[PDB]
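Student: Please see the structure below; I have some questions.
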Amino acid sequence: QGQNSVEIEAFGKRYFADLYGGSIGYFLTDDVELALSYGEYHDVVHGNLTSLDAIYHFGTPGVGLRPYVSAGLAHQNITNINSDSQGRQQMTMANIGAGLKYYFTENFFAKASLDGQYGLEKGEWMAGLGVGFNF
């Protein structure tokens with residue numbers, strides 16, 4: 001782990017609709033990771049969300065718990081097919097989040113997350129879980 005390491009992750013989040021996806025992340029330092037994520041909406045409508053986030057990790061690299069906080073920008077593409085209408089919408093939103101990543105081996109982690117997405121014109125919050133591998 002630490003600076004220059006890479007992480008691949010699978011996630012699944014539910015609003016409190018579901019979002020299921022993956023992420024690739026790179027450690028700019030021992031604590032700061034840049035991650036690109038992609039997810040598709042299911043179970044409440046079709047669409048997807050692409051996100052670029054900066055994640056600050058508390059604790060230290062290695063086996064154990066690294067809480068984190070994150071912020072980023074996302075682009076959402078939604079198609080809605082309804083009984084007498086349909087449409088498509090694309091939107092940019094700001095993200096803030098926090099969570100717990102537990103590295104139970106030097107390479108593998110499980111994560112529990114809370115994320116808020118905010119409209120930028122004129123928020124929506126999810127809880128989630130993910131798993132990943134750091135190399």
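Labeling convention for the structure tokens: chains A, B, ... as they appear, residues from 1 per chain, ligands from 1 in order of appearance.
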Extract, using only C-alpha atoms, all DNA, RNA and protein residues at most 12 Å from segment 34-47 of chain A, discarding same-chain residues fewer than 4 positions from it, and format them as a ChimeraX atom specification.
Tutor: /A:3-15,17-30,51-57,70-83,86-91,130
Student: Just to be explicit: take each residue in the selection above, keep C-alpha atoms, and write the result as a PDB file, in the first residue's frame.
Tutor:
```
ATOM      1  CA  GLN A   3       2.246   6.112  -2.328  1.00  0.00           C
ATOM      2  CA  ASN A   4       2.166   4.850  -5.925  1.00  0.00           C
ATOM      3  CA  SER A   5      -0.075   1.891  -5.108  1.00  0.00           C
ATOM      4  CA  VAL A   6      -3.229   1.122  -7.140  1.00  0.00           C
ATOM      5  CA  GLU A   7      -6.617  -0.132  -5.988  1.00  0.00           C
ATOM      6  CA  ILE A   8      -9.356  -1.848  -7.886  1.00  0.00           C
ATOM      7  CA  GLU A   9     -12.768  -1.978  -6.175  1.00  0.00           C
ATOM      8  CA  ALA A  10     -16.322  -3.254  -6.656  1.00  0.00           C
ATOM      9  CA  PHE A  11     -19.155  -1.397  -4.867  1.00  0.00           C
ATOM     10  CA  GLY A  12     -22.842  -1.336  -4.332  1.00  0.00           C
ATOM     11  CA  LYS A  13     -24.815   1.574  -2.736  1.00  0.00           C
ATOM     12  CA  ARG A  14     -28.449   2.182  -1.925  1.00  0.00           C
ATOM     13  CA  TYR A  15     -30.182   5.583  -1.455  1.00  0.00           C
ATOM     14  CA  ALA A  17     -32.594   2.926  -5.866  1.00  0.00           C
ATOM     15  CA  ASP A  18     -29.311   0.980  -6.008  1.00  0.00           C
ATOM     16  CA  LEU A  19     -25.978   1.758  -7.749  1.00  0.00           C
ATOM     17  CA  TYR A  20     -23.549  -1.031  -8.602  1.00  0.00           C
ATOM     18  CA  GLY A  21     -20.095  -0.454  -9.990  1.00  0.00           C
ATOM     19  CA  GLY A  22     -16.383  -0.372  -9.812  1.00  0.00           C
ATOM     20  CA  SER A  23     -13.486   1.935  -9.241  1.00  0.00           C
ATOM     21  CA  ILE A  24      -9.808   2.347 -10.011  1.00  0.00           C
ATOM     22  CA  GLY A  25      -7.727   4.448  -7.686  1.00  0.00           C
ATOM     23  CA  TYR A  26      -4.160   5.675  -7.419  1.00  0.00           C
ATOM     24  CA  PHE A  27      -2.288   6.744  -4.283  1.00  0.00           C
ATOM     25  CA  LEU A  28      -0.723  10.184  -4.863  1.00  0.00           C
ATOM     26  CA  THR A  29       0.707   9.944  -1.359  1.00  0.00           C
ATOM     27  CA  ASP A  30       0.424   7.429   1.547  1.00  0.00           C
ATOM     28  CA  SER A  51     -17.170  10.015 -10.744  1.00  0.00           C
ATOM     29  CA  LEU A  52     -13.728  11.405  -9.996  1.00  0.00           C
ATOM     30  CA  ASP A  53     -12.995  11.716  -6.303  1.00  0.00           C
ATOM     31  CA  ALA A  54     -10.135  12.621  -4.004  1.00  0.00           C
ATOM     32  CA  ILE A  55      -9.983  10.485  -0.899  1.00  0.00           C
ATOM     33  CA  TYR A  56      -8.039  11.286   2.234  1.00  0.00           C
ATOM     34  CA  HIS A  57      -7.203   8.292   4.447  1.00  0.00           C
ATOM     35  CA  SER A  70     -13.744  12.196   0.137  1.00  0.00           C
ATOM     36  CA  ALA A  71     -14.949  14.848  -2.263  1.00  0.00           C
ATOM     37  CA  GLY A  72     -15.325  14.913  -6.022  1.00  0.00           C
ATOM     38  CA  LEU A  73     -17.416  15.577  -9.042  1.00  0.00           C
ATOM     39  CA  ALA A  74     -19.802  13.252 -10.828  1.00  0.00           C
ATOM     40  CA  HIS A  75     -21.685  13.067 -14.046  1.00  0.00           C
ATOM     41  CA  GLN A  76     -25.025  11.277 -14.095  1.00  0.00           C
ATOM     42  CA  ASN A  77     -26.861  10.056 -17.203  1.00  0.00           C
ATOM     43  CA  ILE A  78     -30.434   8.949 -16.606  1.00  0.00           C
ATOM     44  CA  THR A  79     -33.137   7.679 -18.928  1.00  0.00           C
ATOM     45  CA  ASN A  80     -36.651   7.541 -17.627  1.00  0.00           C
ATOM     46  CA  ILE A  81     -39.323   5.621 -19.407  1.00  0.00           C
ATOM     47  CA  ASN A  82     -42.721   6.293 -17.977  1.00  0.00           C
ATOM     48  CA  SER A  83     -46.331   5.477 -18.863  1.00  0.00           C
ATOM     49  CA  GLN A  86     -39.818   9.407 -21.671  1.00  0.00           C
ATOM     50  CA  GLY A  87     -36.606  11.302 -21.523  1.00  0.00           C
ATOM     51  CA  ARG A  88     -32.987  11.540 -20.862  1.00  0.00           C
ATOM     52  CA  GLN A  89     -31.019  13.793 -18.638  1.00  0.00           C
ATOM     53  CA  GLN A  90     -27.370  14.415 -18.009  1.00  0.00           C
ATOM     54  CA  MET A  91     -26.256  16.270 -14.904  1.00  0.00           C
ATOM     55  CA  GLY A 130     -17.301  -2.242  -1.386  1.00  0.00           C
TER      56      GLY A 130
END
```
Student: Tell me, as a list in words, which residues lie within 10 Å of residue 107 of chain A, counting only C-alpha atoms; anything in the same chain fewer than 6 positions away does not count.
Tutor: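 My reading of the contact set: residues 1, 7, 62, 63, 132, 133, 134 and 135 of chain A.
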Student: Work out how far atom CA of residue 117 of chain A is from atom CA of residue 2 of chain A, in Å to one decimal.
Tutor: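 Distance reported for this atom pair: 27.9 Å.
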Student: Would you mind reading off the distance between atom CA of residue 95 of chain A and atom CA of residue 111 of chain A, one decimal, in Å?
Tutor: 17.4 Å
